[PDB]
């Protein structure tokens, strides 16, 4: 039979303030499309994307988090099982960037010790509304020694690269 089977299962998590574009980032990675209508996430959700790295298929179970603080207590449940975590902020929203420090200590508080963190500056396609300088995004990522990407769910910038890099990070650390 021609349709093969996956060889490993990775569980990822997307966290960030409501409206940073977590869902759109995932939908671009899953279905390669983009919708402009803001439909806020309810509770929690996840998608399946299987991708090939190092010659071995990897199934990605990517959990999508509701940014609204009414569901924050739910998301905290899913930190422990996560193998990779996406911190997503909005370059057009200064408040979403200052809350990054707060999100990070929710990670170290709950998630496993060997968890892979990654910072995503979404909506990088909006030059005229940019509030957070790219340099500031790399600065704080460097102080935590994590990776950083300025992404765009609309223009499809650094989305495929972002997820694939997080997976290759996880794959290298398993022996």
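Residue numbers count along the first chain shown, from 1.
Residue 57 is built in all of the other entries compared, counting only those with both neighbours built, so it is not a gap in a third. Across the other entries compared, at least a third leave residue 148 without coordinates even though the residues on each side are present.
Comparing the deposited coordinates for 106 to 114 and 29 to 37, the stretch with the larger average C-alpha B-factor is 106 to 114. Mean C-alpha B-factor is higher over 52 to 60 than over the other stretch, the pair under comparison being 52 to 60 and 115 to 123. Going by the entry's values, 144 shows the largest Cα B-factor out of 70, 134, 144, 130. Annotation for residue 140: CA B-factor lies in the highest third of the chain's modelled residues. Among the modelled residues of the chain, residue 158 sits in the middle third by CA temperature factor in this PDB entry. Residue-level temperature factors show residue 77 in the highest third of its chain, judged at the C-alpha atom. In the deposited entry, the Cα temperature factor of residue 101 sits in the top third of values across the chain's modelled residues.
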